[PDB]
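The next block is work_7.csv, given as CSV, C-alpha atoms and all ligand atoms.
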chain,number,residue,atom,x,y,z
A,87,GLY,CA,32.4,-5.3,-32.3
A,88,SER,CA,28.9,-4.8,-30.8
A,89,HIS,CA,27.6,-4.8,-27.2
A,90,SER,CA,23.8,-4.9,-27.5
A,91,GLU,CA,21.7,-3.7,-24.5
A,92,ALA,CA,19.8,-6.9,-25.4
A,93,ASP,CA,23.0,-9.1,-24.7
A,94,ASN,CA,23.8,-7.6,-21.2
A,95,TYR,CA,20.2,-8.4,-20.0
A,96,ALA,CA,20.0,-11.9,-21.6
A,97,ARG,CA,23.5,-12.4,-20.0
A,98,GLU,CA,22.0,-11.4,-16.6
A,99,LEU,CA,18.6,-13.3,-17.2
A,100,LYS,CA,20.6,-16.5,-18.0
A,101,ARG,CA,22.7,-16.3,-14.7
A,102,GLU,CA,19.5,-15.5,-12.6
A,103,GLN,CA,17.4,-18.5,-14.0
A,104,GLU,CA,20.4,-20.9,-13.6
A,105,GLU,CA,20.3,-19.5,-10.0
A,106,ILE,CA,16.5,-20.1,-9.6
A,107,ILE,CA,17.0,-23.8,-10.8
A,108,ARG,CA,20.3,-24.6,-8.9
A,109,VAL,CA,19.4,-22.8,-5.5
A,110,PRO,CA,15.7,-22.0,-5.6
A,111,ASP,CA,15.5,-21.6,-1.7
A,112,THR,CA,18.3,-19.0,-1.7
A,113,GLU,CA,16.3,-17.0,-4.4
A,114,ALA,CA,13.1,-17.1,-2.2
A,115,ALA,CA,15.3,-15.7,0.7
A,116,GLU,CA,16.4,-12.8,-1.6
A,117,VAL,CA,12.7,-11.8,-2.1
A,118,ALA,CA,12.0,-12.2,1.7
A,119,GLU,CA,15.0,-9.9,2.6
A,120,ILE,CA,13.9,-7.2,0.0
A,121,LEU,CA,10.3,-7.0,1.5
A,122,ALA,CA,11.6,-7.3,5.1
A,123,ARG,CA,13.7,-4.1,4.4
A,124,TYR,CA,10.3,-2.4,4.5
A,125,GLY,CA,9.4,-3.5,8.1
A,126,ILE,CA,7.0,-6.1,6.6
A,127,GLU,CA,6.9,-9.1,9.0
A,128,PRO,CA,7.3,-12.8,7.9
A,129,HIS,CA,3.5,-13.5,8.5
A,130,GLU,CA,2.7,-10.7,6.0
A,131,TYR,CA,5.4,-11.4,3.3
A,132,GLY,CA,5.4,-15.2,3.6
A,133,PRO,CA,2.4,-15.7,1.2
A,134,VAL,CA,3.8,-13.2,-1.4
A,135,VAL,CA,7.2,-15.0,-1.5
A,136,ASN,CA,5.3,-18.3,-1.8
A,137,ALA,CA,3.0,-16.9,-4.5
A,138,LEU,CA,6.1,-16.0,-6.6
A,139,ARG,CA,7.7,-19.5,-6.1
A,140,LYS,CA,4.7,-21.0,-8.0
A,141,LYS,CA,5.0,-18.6,-11.1
A,142,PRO,CA,8.6,-18.9,-12.0
A,143,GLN,CA,8.7,-16.3,-14.8
A,144,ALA,CA,7.0,-13.6,-12.6
A,145,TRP,CA,9.4,-14.6,-9.8
A,146,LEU,CA,12.3,-14.2,-12.4
A,147,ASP,CA,10.9,-10.8,-13.5
A,148,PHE,CA,10.8,-9.7,-9.8
A,149,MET,CA,14.5,-10.7,-9.2
A,150,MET,CA,15.4,-8.9,-12.5
A,151,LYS,CA,13.6,-5.6,-11.6
A,152,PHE,CA,13.8,-5.5,-7.7
A,153,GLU,CA,17.0,-7.6,-6.9
A,154,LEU,CA,19.2,-6.4,-9.8
A,155,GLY,CA,17.4,-3.2,-10.9
A,156,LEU,CA,17.3,-4.0,-14.7
A,157,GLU,CA,14.3,-3.8,-17.3
A,158,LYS,CA,13.0,-5.3,-20.5
B,87,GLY,CA,28.1,25.4,-15.1
B,88,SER,CA,28.5,22.7,-12.3
B,89,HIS,CA,25.2,21.4,-11.0
B,90,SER,CA,23.8,21.5,-7.4
B,91,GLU,CA,19.9,21.5,-7.7
B,92,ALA,CA,18.1,18.8,-5.5
B,93,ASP,CA,18.4,15.6,-7.5
B,94,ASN,CA,15.3,13.6,-8.9
B,95,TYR,CA,15.4,11.5,-5.7
B,96,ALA,CA,15.2,14.5,-3.3
B,97,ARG,CA,12.3,15.8,-5.5
B,98,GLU,CA,10.2,12.6,-5.8
B,99,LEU,CA,10.8,11.9,-2.0
B,100,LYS,CA,8.9,15.2,-1.3
B,101,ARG,CA,6.1,14.4,-3.9
B,102,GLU,CA,5.7,10.7,-2.7
B,103,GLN,CA,5.4,11.6,1.1
B,104,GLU,CA,2.7,14.3,0.3
B,105,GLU,CA,0.7,11.8,-1.9
B,106,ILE,CA,0.9,9.4,1.1
B,107,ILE,CA,-0.7,12.1,3.3
B,108,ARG,CA,-3.3,13.5,0.9
B,109,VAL,CA,-4.5,10.3,-1.0
B,110,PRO,CA,-3.2,7.4,1.0
B,111,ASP,CA,-5.9,5.1,-0.6
B,112,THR,CA,-4.6,5.8,-4.1
B,113,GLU,CA,-1.0,5.1,-3.0
B,114,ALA,CA,-2.3,1.8,-1.5
B,115,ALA,CA,-4.0,0.8,-4.8
B,116,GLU,CA,-0.6,1.7,-6.4
B,117,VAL,CA,1.2,-1.1,-4.4
B,118,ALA,CA,-1.7,-3.5,-5.4
B,119,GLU,CA,-1.1,-2.6,-9.1
B,120,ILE,CA,2.7,-3.2,-8.7
B,121,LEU,CA,2.4,-6.5,-6.8
B,122,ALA,CA,-0.5,-7.6,-9.1
B,123,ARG,CA,1.9,-7.4,-12.2
B,124,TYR,CA,3.8,-10.4,-10.7
B,125,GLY,CA,0.6,-12.5,-10.5
B,126,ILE,CA,0.2,-11.9,-6.7
B,127,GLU,CA,-3.5,-11.9,-5.6
B,128,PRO,CA,-5.4,-9.7,-3.2
B,129,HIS,CA,-5.5,-12.3,-0.3
B,130,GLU,CA,-1.6,-12.6,-0.8
B,131,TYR,CA,-0.7,-8.8,-1.0
B,132,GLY,CA,-3.6,-7.3,1.0
B,133,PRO,CA,-1.8,-7.7,4.4
B,134,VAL,CA,1.5,-6.2,2.9
B,135,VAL,CA,-0.4,-3.0,1.9
B,136,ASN,CA,-2.1,-3.2,5.3
B,137,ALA,CA,1.4,-3.4,7.1
B,138,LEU,CA,2.9,-0.5,4.9
B,139,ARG,CA,-0.1,1.9,5.6
B,140,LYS,CA,0.8,1.5,9.4
B,141,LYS,CA,4.4,2.6,8.7
B,142,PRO,CA,4.7,5.9,6.8
B,143,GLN,CA,8.6,5.8,6.7
B,144,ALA,CA,8.6,2.2,5.3
B,145,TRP,CA,5.7,3.0,2.9
B,146,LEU,CA,7.6,6.1,1.4
B,147,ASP,CA,10.8,4.0,0.9
B,148,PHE,CA,8.8,1.1,-0.7
B,149,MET,CA,7.0,3.4,-3.3
B,150,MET,CA,10.4,5.0,-4.1
B,151,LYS,CA,11.9,1.6,-5.0
B,152,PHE,CA,8.9,-0.4,-6.3
B,153,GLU,CA,6.9,2.5,-8.0
B,154,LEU,CA,9.7,4.9,-9.1
B,155,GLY,CA,12.8,2.4,-9.2
B,156,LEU,CA,15.1,4.6,-7.0
B,157,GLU,CA,17.2,3.4,-4.0
B,158,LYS,CA,17.7,5.0,-0.5
B,159,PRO,CA,21.4,6.0,-0.4
B,160,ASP,CA,24.3,5.5,2.2
C,201,CO,CO,1.7,-8.5,12.6
C,202,CO,CO,2.9,6.6,-5.5
C,203,CO,CO,0.5,8.4,-6.7
C,204,ZN,ZN,21.4,-13.5,-9.0
C,205,ZN,ZN,21.0,-15.1,-5.9
C,206,ZN,ZN,21.8,18.6,-12.7
C,207,ZN,ZN,4.0,9.4,-6.6

Turn this file's structure into structure tokens for me.
Ligand SMILES: [Co+2]
Ligand SMILES: [Co+2]
Ligand SMILES: [Co+2]
Ligand SMILES: [Zn+2]
Ligand SMILES: [Zn+2]
Ligand SMILES: [Zn+2]
Ligand SMILES: [Zn+2]
Amino acid sequence: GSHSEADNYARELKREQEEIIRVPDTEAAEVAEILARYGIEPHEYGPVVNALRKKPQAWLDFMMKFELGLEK
Amino acid sequence: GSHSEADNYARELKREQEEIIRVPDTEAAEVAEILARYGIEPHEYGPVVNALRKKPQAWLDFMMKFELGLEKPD
């Protein structure tokens, strides 16, 4: 039986959104840590992390592409 | 036969660093176009571009991952 490239991503998209809902602060922290890898200081990344928090699908996209390294 | 040419990474790492030198402005508007996809606004991302420009090593690694979707190894 079949393993769609659709199924794997929807399987990962589910997990991640259940993660945004159940522990949203932890997920913000994951964005901080990715940006702070690039010597970007909290005063500089703070507002970007915040700006994602308010646009949950964009924030979800950003985990998907930049935390997990998967695409649509 | 069995392959040993410098991999995509090693290649794009050369091209990205040169771009950063020759047209830094364009590479800066590249970050804006990337962050802008996720609804971030200039007042939000402006300082992040501004921080990266002042750190060529950071800026190269950022473009690699965010523009080209490749990781620094080790
Ligand atoms: Co500062
Ligand atoms: Co570039
Ligand atoms: Co370029
Ligand atoms: Zn996750
Ligand atoms: Zn997580
Ligand atoms: Zn090869
Ligand atoms: Zn380039």

Nearby residues, ligand CO 201 (chain C), 10 Å, all atoms listed in the file, as a VMD selection string: (chain A and resid 126 to 130) or (chain B and resid 133 to 134 136 to 137)

Distance-based interface of chain B with chain A, 8 Å, counting only C-alpha atoms, as number ranges by chain: B: 124-126, 130-131, 133-134, 137-138, 141, 144-145, 147-148, 151-152, 155

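Coordinates place atom CO of ligand CO 203 (chain C) at a distance of 8.8 Å from CA of residue 153 (chain B).
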
Test item: residues lying within 9 Å of ligand ZN 205 (chain C) with all atoms listed in the file, as a PDB file with C-alpha atoms, in the frame of the given file:
ATOM      1  CA  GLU A 102      19.500 -15.500 -12.600  1.00  0.00           C
ATOM      2  CA  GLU A 105      20.300 -19.500 -10.000  1.00  0.00           C
ATOM      3  CA  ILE A 106      16.500 -20.100  -9.600  1.00  0.00           C
ATOM      4  CA  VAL A 109      19.400 -22.800  -5.500  1.00  0.00           C
ATOM      5  CA  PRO A 110      15.700 -22.000  -5.600  1.00  0.00           C
ATOM      6  CA  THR A 112      18.300 -19.000  -1.700  1.00  0.00           C
ATOM      7  CA  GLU A 113      16.300 -17.000  -4.400  1.00  0.00           C
ATOM      8  CA  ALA A 114      13.100 -17.100  -2.200  1.00  0.00           C
ATOM      9  CA  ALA A 115      15.300 -15.700   0.700  1.00  0.00           C
ATOM     10  CA  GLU A 116      16.400 -12.800  -1.600  1.00  0.00           C
ATOM     11  CA  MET A 149      14.500 -10.700  -9.200  1.00  0.00           C
ATOM     12  CA  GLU A 153      17.000  -7.600  -6.900  1.00  0.00           C
TER      13      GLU A 153
END

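Proximity to ligand CO 203 (chain C) was assessed for B:112, B:103, B:88, B:94 counting all atoms listed in the file; the smallest distance is recorded for B:112.
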
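Distance annotation: of A:101, A:111, A:119, A:87, the residue with the minimal separation from ligand ZN 204 (chain C) is A:101; atom set is only C-alpha atoms and all ligand atoms.
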
Within 10 Å of ligand CO 202 (chain C) (only C-alpha atoms and all ligand atoms), residues as a PyMOL selection string: chain B and resi 98+101-106+109-110+112-117+145-146+148-150+152-154

Closest of B:108, B:87, B:160, B:93 to ligand ZN 207 (chain C) - atom-to-atom distances counting all atoms listed in the file: B:108

Coordinates-based distance that separates CA of residue 119 (chain B) from CA of residue 99 (chain B) (Å, one decimal): 20.1 Å

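Note that the spacing between CA of residue 95 (chain B) and CA of residue 142 (chain B) amounts to 17.4 Å.
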
Ligand ZN 206 (chain C) neighbours within 7 Å using all atoms listed in the file, as a PyMOL selection string: chain B and resi 89-91+93

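Residue nearest residue 156 (chain B), chosen from B:127, B:96, B:140, B:132 and counting all atoms listed in the file: B:96.
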
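Using all atoms listed in the file for every distance, the candidate list A:150, A:107, A:94, A:88 yields A:150 as the residue closest to ligand ZN 204 (chain C).
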
Quick one: what's the axis-aligned box for region 102-120 of chain B, all listed atoms, 5 Å on every side, centre and edges in Å to one decimal, as lines of an AutoDock Vina configuration file?
center_x = -0.1
center_y = 5.4
center_z = -2.9
size_x = 21.6
size_y = 27.8
size_z = 22.4
